[PDB]
Each structure stands twice: as C-alpha cells, then as structure tokens.
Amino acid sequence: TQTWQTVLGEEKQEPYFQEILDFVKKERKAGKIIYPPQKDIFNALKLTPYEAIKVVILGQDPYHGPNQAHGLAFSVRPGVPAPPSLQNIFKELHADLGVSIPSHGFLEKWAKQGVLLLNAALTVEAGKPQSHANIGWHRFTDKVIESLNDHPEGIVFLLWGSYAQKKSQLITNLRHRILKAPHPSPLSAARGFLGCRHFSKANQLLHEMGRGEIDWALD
C-alpha cells in the first residue's frame, strides 16, 4: 500500500519538480548530451520498490562518460569497466565477505536485493562532473530519504564520504541504523573506507531485525 507514488505523491506536486524535468528536456533539445537517458532517471526507485528497501547507499551524481550511468548510484552498464571508486567498493566487499570480484560493474542485482542506490543528482551533462548538482535534484532526493522515516521496517544506511554523511540529519527514525565511512575513492584524502566492513555489518543488522540479508554476490 506504500509505494513511491504514494509516499512521494505530495512532493511530486511541487512545481519545481516538473521544472527540473522540463530543464533537462530543453537541454537535450539544445543538442547537449545528458546522462543517463531520460527513461533511466528514476531506475533506482524502479528497481527497488519502497517496501523492498533494506539498505540505502548514497552517491552524488551520475557518471559523465558514455555508456556508464543508467540510473543507479555507482553502478555502470554491462561492458563498462568498473571505475576507481566502484573498484575499491569491490575490493572492500571481497575482503569483507569473501565475495568474488565481479568481471563487471552492473549492480541491478543489488537493487533487486533491496539495496536503494540513490544519487543526490539524477542527471549530469556529458564530460562535466557535478554539472547538474545545483539545478534542484537535491530537493527531491532529500525527500526520498525523508520518506523512509515512515517505513514500517528498519533500514540500514551506508553513508560514504562527507557529502553523504550530511544526509544523516534527515534520518530521524530511530529504527534505522546509520553506518559511516570515508569515501570509497582510492584518491580521497581520508583513508579508512577499507576495513569498515559495511556489507557484513549490514547483513548482521538486517538479520537481527529479521528482515533477511543481502546477497552481495555479482554474476
């Protein structure tokens, strides 16, 4: 009975929402390349129904290279080499749970496991990082996070990096667990992402709440 349509129904009404969509449209008509494709913008919500959410992983913006982004945080399409950050995520996952390093970086299987892969901004212009970070997406994605406060079940949030960690203030429901760690990028100034073992911790927490664990395996 609780779906993205119902929990986001009111927010959807906000004029700023259509205006964001309108802006992206006119940009494409202007000949500019915007990732991901228009029909993929909300894949995170599509692949992980509201009531299926067990884990939430926050990203900032979609990849700005060709064939990369497809509506999920960190995930890349089949045939695309996993970028540095995602590669380091796999490194941690392997060391943490012993899961084999995937030959790809396609994370739909996680989304279907109940992992909400949510970026703060849902679009980006080709070859321009953060180019759509200040057009208003954050209003909407912040509300996606807030909508989880009314979730019947306990959710595990994996907040990597300062940006993602800020969003913790939006999570007021005490049933939820917040796990923090430095950003997975092997270039990030602060070491510490390696060893946080968020994937095993997440499964332990889900188990303790009788929700069922995440199968992180990819293949």
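A residue's number is simply how far along the shown sequence it sits, counting from 1.
The deposited model assigns a higher average Cα B-factor to 182-190 than to the other stretch when 151-159 and 182-190 are compared. The PDB entry gives the largest Cα B-factor of the residues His104, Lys143, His94, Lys109 to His104. Set against one another, the Cα B-factors of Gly71, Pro83, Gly114, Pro129 in the record reach their highest point at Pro129.
For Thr6, the recorded CA B-factor ranks within the middle third of the chain. Only modelled residues enter the ranking.
Ranked within its chain, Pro36 lands in the lowest third, by CA B factor from the PDB record. Residue-level temperature factors show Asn43 in the lowest third of its chain, judged at the C-alpha atom. Sort the modelled residues of the chain by CA B factor and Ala120 lands in the middle third. Split the chain's modelled residues into thirds by C-alpha temperature factor. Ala133 is in the highest one.
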